Each structure stands twice: as structure tokens, then as C-alpha cells.
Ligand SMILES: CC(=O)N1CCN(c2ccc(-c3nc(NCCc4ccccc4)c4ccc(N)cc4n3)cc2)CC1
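What follows is a single chain, given as C-alpha cells, in the form solved without this ligand.
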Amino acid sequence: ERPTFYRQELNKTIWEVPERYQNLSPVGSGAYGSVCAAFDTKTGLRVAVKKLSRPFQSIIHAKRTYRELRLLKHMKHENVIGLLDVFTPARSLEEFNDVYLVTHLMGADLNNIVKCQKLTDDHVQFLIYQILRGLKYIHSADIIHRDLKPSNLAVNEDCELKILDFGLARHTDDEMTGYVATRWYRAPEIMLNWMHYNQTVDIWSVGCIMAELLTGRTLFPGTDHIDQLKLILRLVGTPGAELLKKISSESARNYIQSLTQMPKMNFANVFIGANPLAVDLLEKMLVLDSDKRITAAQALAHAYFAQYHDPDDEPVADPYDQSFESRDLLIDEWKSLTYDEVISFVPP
């Protein structure tokens, strides 16, 4: 049955939610859609409620909406934020114009963590293990988060981590410009468009993240795209002939060849005092050639995680059909597909 809804204005926006959600309080608004913290009286959970902005304006917006609902509906793993609820005040496709997504509410992201506690090696072990446990699950559904950063990792009091806020759009050039954390964790091949990327870009992100946890500092705080590439190549060394071939972009490849050849540095001396196993793992993750990076599944079996590794409790995901990504449709067609997904939802 259709629950009853109530209305209220939350910053030039009239929110219409089911009675079960009480005490809505904003936390941030963007080109995506404003988000409110709220208490779901039906479950006793602190929840984040996102009201998508003009979900079915452009063909682009209509697809993004569908994309995000399909993705959130699929994620069902302890280390990934799934969907708790999705709803709309509309009573038919005809009325359907607004979409609200509900998920667990993030108390503190990983940054929040790196600036308070003094992460011990064990903490690093447990935090990175969880990210890799969730990535394995994600990459197995052939889903690429492609935007892993401290701010996209929720961590509770018990240091339990969940991966959220997947890459569902395409950051504007401006977003990625300058001295910004929105680019420091990006693999080089994606940041400079060397070639068509794959799930391996996330492992590079995990690498940058893990280094920051151990040193408490950003690994590659480039002031811009170029500076960051230099910061990266100074550590992992310039690319050899084999990697150069794999770089499709002739411009990008030609640019790299203009740089003086540098050798990969000794990570033991960069991460002074870091657990030798941690050092070794960082070397297998921060490999310039994505084909040779360690995979999430391979990393979970690494000696550094011996303490937490358990082959029987690192589940893969159900097949995720995203054939729609390559499909061209109209706004109304994307809206109905979206609608059906809303009317077919089932809480956990």
C-alpha cells in the first residue's frame, strides 16, 4: 500500500516524503540533488535522503537517474552502501517527476578519520581490507567505481568501512582543474586519457588511499594535471617501451616521451618505517601499467591481510546487466524504465 506523504520546504525545494521519515535536515546540495539527514522511524536508522534534481529534464539526466537507481538497487555487500528505500509522491507514470533515494547516513568519511585518530598499521590493515573486500564484490559485477577517495568511504565508530557515492556522471573539466582532491586519487591513464580504462583504475585509487593512511599525507597532491603526473612518475618511474605502445592517445604518448627517463623509487625509503608487507603491497598497486596491477581478489590474499583474510567471507556480486549504457532512448522511455524500477523496489 502507498504510505501517506507530507510536504515541507527545504531551501527553495518542497520535499514530499512518507511519514516514516522524520526530522529532515540538509547536509549538502549540488547539480546532482540536495541531500537531507533524517530518522526513519520505521527502522530506527539514521538515513540520507536524496531528492534528485530535475531527474527527467535532458536525455542525459533521465539516463543518469536510471543509472544511479539500477546501481544502488544492485549493491548488496557489507562494505558498500546499498539502497534502503526509493520513492515518489506520484501515483502513476503520468505524475512521476520526482525521485527520492534513501541510504544509510554517513557519520564520518575517511578524511574525518585520518585527521583524528593516529592510524596504526592494524587500522590500515582493516580499513584497506574492507575497501578491497567491497571492490572485489563490485568489480565482479563488472562495475567500476572510478572515483574512490577518502570522502567516498564511510567509517563508523568501530572502524567499519563502506564504499559509497559511485562515479555516475563525468566530472566537469573545472572539477578536475587545479589543486583538488577530486583528481589526486585518479589513475594516470584516466586522468590524462591514455587509453580506454577498466576496473583497474580503482586499484590505483586504493593505492593512493592506503599510502595516505600510512603517512597521513596526500600521496600525489598535484597542483594540476601535469604537476601530478610528475609527482606520480617521480615515484613509480617513467614508462618503458611496452607501456608506451599501449597508450592510444598519440598526443599523450608523445608528451610523455618528452620527459627525462626516471627510475622507480625505493618505496622502503619513501614510506619510512611502514610494515614491509604494506610496502610490498603498495608496489603491486601503484604500478604504472594497469595490466600489471594487483587485482582486488589477488590483494585480499596478500600476506599483509593474513589477519583479516577469509576466502569464505569475501562474496562476489550477482550478474549486473548494464546493457542499457550502450542503449539510445528518449526521455519518456528512460523515465518509464526508471519508474518500473521504483515500483518494483523491495527493502532489505
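So that the term is clear: the rigid core is the largest set of C-alpha atoms that superpose within 1.5 Å between two forms. The first residue of the sequence shown is number 1, and the count goes up from there.
Just so it is clear, the following notes concern the form solved in complex with this ligand, a form of the same protein that is not shown.
Undergrad: If I take 3+ ligand atoms inside 2.4 Å of backbone or C-beta atoms as the clash criterion, is the pocket here open or blocked once this ligand is superimposed from its pose in the deposited bound form?
TA: After C-alpha superposition the pocket is blocked.
Undergrad: Out of the stretches listed (267 to 275, 244 to 252, 124 to 132, 211 to 219), which one is close to this ligand in the deposited bound form, meaning heavy atoms within 4.5 Å?
TA: This holds for exactly one stretch, 244 to 252.
Undergrad: Does every residue of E16, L93 and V99 put a non-hydrogen atom within 4.5 angstroms of this ligand in the deposited bound form?
TA: No: no residue has a heavy atom within 4.5 Å of the partner.
Undergrad: Heavy atom to heavy atom, is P188 within 4.5 Å of this ligand in the deposited bound form?
TA: Yes, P188 sits close enough to this ligand in the deposited bound form that at least one of its heavy atoms falls within 4.5 Å.
Undergrad: Can you work out whether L235 and this ligand are in contact in the deposited bound form, taking contact to mean some heavy atom pair no more than 4.5 Å apart?
TA: The answer is no: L235 has no heavy atom within 4.5 Å of this ligand.
Undergrad: Might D291 be said to contact this ligand in the deposited bound form, defining contact as any heavy atom within 4.5 Å?
TA: Within the cut-off, so yes.
Undergrad: Quick check on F87: any heavy atom within 4.5 Å of this ligand in the deposited bound form?
TA: Looking in the deposited bound form, residue contacts with this ligand do not include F87, since no heavy atom lies within 4.5 Å.
Undergrad: Going by heavy atoms, what in 184 to 216 lies within 4.5 angstroms of this ligand in the deposited bound form?
TA: In sequence order, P188, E189, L192, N193, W194 come within 4.5 Å of the partner.
Undergrad: For the set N254, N193, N97, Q261, which residue undergoes a C-alpha shift of 2 Å or more between this form and the one not shown, given alignment on the rigid core?
TA: Between the two forms, the residue that moves is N254.
Undergrad: Rigid core fitted, is the C-alpha displacement of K76 between this form and the one not shown 2 Å or more?
TA: The answer is no; the displacement is under 2 Å.
Undergrad: Taking the rigid core as reference, does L244 move its C-alpha 2 Å or further between this form and the one not shown?
TA: Moves: yes, 2 Å or greater.
Undergrad: Over in the other structure, so in the deposited bound form, do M195 and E325 pull closer or drift farther apart at the C-alpha level? The difference is 3 angstroms or more.
TA: Pair moves closer in the deposited bound form.
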